[PDB]
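There are 2 protein chains.
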Amino acid sequence: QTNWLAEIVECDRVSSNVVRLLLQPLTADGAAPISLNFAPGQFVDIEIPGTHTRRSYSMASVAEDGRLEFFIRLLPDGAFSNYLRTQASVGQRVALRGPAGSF
Amino acid sequence: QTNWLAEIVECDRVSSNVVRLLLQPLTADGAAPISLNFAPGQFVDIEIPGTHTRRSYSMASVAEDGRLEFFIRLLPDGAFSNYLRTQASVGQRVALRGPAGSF
Ligand SMILES: Cc1cc2nc3c(=O)[nH]c(=O)nc-3n(C[C@H](O)[C@H](O)[C@H](O)COP(=O)(O)OP(=O)(O)OC[C@H]3O[C@@H](n4cnc5c(N)ncnc54)[C@H](O)[C@@H]3O)c2cc1C
Ligand SMILES: Cc1cc2nc3c(=O)[nH]c(=O)nc-3n(C[C@H](O)[C@H](O)[C@H](O)COP(=O)(O)OP(=O)(O)OC[C@H]3O[C@@H](n4cnc5c(N)ncnc54)[C@H](O)[C@@H]3O)c2cc1C
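If you read the protein sequences in the order shown, they are chains B and A.
The first sequence begins at 104 in the entry's author numbering and counts up by one.
The second sequence begins at 104 in the entry's author numbering and counts up by one.
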C-alpha cells in the first residue's frame, strides 16, 4: 500500500556523477498491476539497507512491468550516495515508502 | 525550444526541509500548449539568478497551462539550496533548459 519492497535491477553510471537506479517492486502473485501504484514524477522514500535513513527520489519512468527508474546525482560524503558507491548491488532488496506527490 | 524563461509562482517551505517550487514557463499569448512539451518524471536544468550554476530537478506534476511543480530538498550549504532558502522569491524569472528524460 505505502510500504513496498523492491529489488535492484540496475545500478549504473550514466555520467561522471549520476547513477541510473532501476528497481523492480515485489508483489504477491495475482496482485493488481504494479504500474497502477506508481506514476512518473511521483517520488518514493528509499531506506538505506541496515539503517533507518531514508531519501526521496523521483520516478523518471515506470515500465509496463512496474520497473521504476531513478537518476541520482552522487554527492561527496552523502549517505545514499555512499550506499550507491560502496554497497548497492543488483539483486539487493530495499524498502520503499510511498509513492507520494507532495511534502 | 530547449531554453525557457519561467516565473516563480510559488516557493514554499513544506515538511522535512523541502521546498515546493512552482514555476510558470513563459510563452507568447496563444502559443502551443506547454503541457504537451513537459511531462512528469522528466527533468529540467534550472539556473541560479546571476550565475552560470545549474541543477537538475524532476517535474513532480504539470498543469494544463504548463505550471511545473518541483520538491527540492534543502542541503546545508548547497548552491541551489542556499538560493531557495534565502534569495528566491515569487515573481522572479529564472532560466531553465529541458525537458530531458535521459543522460
Ligand atoms: C521529493 C524529492 C525528490 C527527489 N528526487 C531526486 C532525484 O530524482 N535525484 C536525485 O539525485 N536527488 C533527488 N532528491 C534529492 C535526494 O533526496 C537527496 O537529497 C540526495 O540524493 C542527497 O542524499 P545523500 O543521502 O546522498 O546525501 P546527504 O547524506 O543528505 O548529504 C548531502 C550533502 O550534505 C553534506 N553535509 C552534511 N552535513 C553537512 C553540514 N552540516 N554542512 C554542510 N554540508 C553537509 C554532505 O557532505 C553531502 O555532500 C529528491 C529530493 C526530494 C525531496
Ligand atoms: C536528473 C536529476 C533529477 C533530480 N531531481 C531532484 C528533485 O526533484 N529534487 C531534489 O531535491 N533534488 C533533485 N536532484 C538533485 C539536484 O540536482 C541537486 O543535486 C541538489 O538540489 C543539490 O544541489 P545544491 O546546488 O543545493 O548543492 P551543491 O552546491 O551541489 O552541493 C551539495 C552538497 O555538497 C557539499 N559538499 C561540497 N563539497 C564537499 C566536499 N568536498 N565534501 C563533503 N561535502 C561537500 C555541500 O556542503 C552541500 O551540502 C536531481 C538530480 C538529477 C541528476
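C-beta: ideal position from N, C-alpha, C; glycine also.
Q | the segment 140 to 167 of chain B: positions lying closer than 9 Å to chain A by Cβ | A | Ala142, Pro143, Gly144, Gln145, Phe146, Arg158, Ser159, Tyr160, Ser161, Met162, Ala163, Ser164 and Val165
Rounded straight-line distance, which links the Cα of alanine 135(B) to that of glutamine 190(A): 46 Å
*Going by the beta-carbon positions, is the gap between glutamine 145(B) and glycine 204(B) smaller than 8 Å?*
yes
Report buried or exposed for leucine 125(A), applying the criterion of at least 16 other Cβ atoms within 10 angstroms of its Cβ. buried
Suppose contacts are defined by Cβ-Cβ distances below 8 Å. Is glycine 169(A) in contact with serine 138(A) by that definition? yes
Fill in: Per-residue DSSP class, three states only, for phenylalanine 174(B)
strand
So what's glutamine 195(B) in DSSP terms, helix, strand or just coil? coil
So, is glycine 201(B) buried or exposed, given that buried needs 16 or more other C-beta atoms within 10 angstroms? buried
*For review: beta carbons within less than 6 Å of any heavy atom in ligand 1*: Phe146(B), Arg158(B), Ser159(B), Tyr160(B), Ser161(B), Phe173(B), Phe174(B), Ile175(B), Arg176(B), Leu178(B), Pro179(B), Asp180(B), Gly181(B), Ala182(B), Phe183(B), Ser184(B), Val121(A), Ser161(A), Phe174(A), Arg176(A), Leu178(A), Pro179(A) and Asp180(A)
- [ ] Taking a Cβ distance cut-off of 8 Å, strictly less, list which residues of the segment 109 to 123 of chain A are near chain B, in chain order.
- [x] Flagged, chain order: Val117, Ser118, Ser119, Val121 and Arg123.
Legend entry - For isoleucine 137(A), three-class secondary structure by DSSP: Here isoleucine 137(A) sits in helix by DSSP.
### Query
Which residues bound the alpha helix (DSSP H) around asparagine 120(A)?
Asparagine 120(A) -> no alpha helix (DSSP H), and no H or E assigned at all.
Let me see if you follow: with CB-CB separation under 8 Å, is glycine 201(A) close to chain B or not? no
Notebook entry, point to check: Any heavy atom of ligand 3 closer than 7 Å to the CB of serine 164(B)?
Noted result: Questions concerning ligand 3 fall outside what the structure shown contains, since the ligands it does hold are ligand 1 and ligand 2.
Just to check my reading of the structure: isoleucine 151(B) and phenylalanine 183(B) have Cβ atoms closer than 8 Å, yes? What is that Cβ distance to the nearest angstrom? 6 Å
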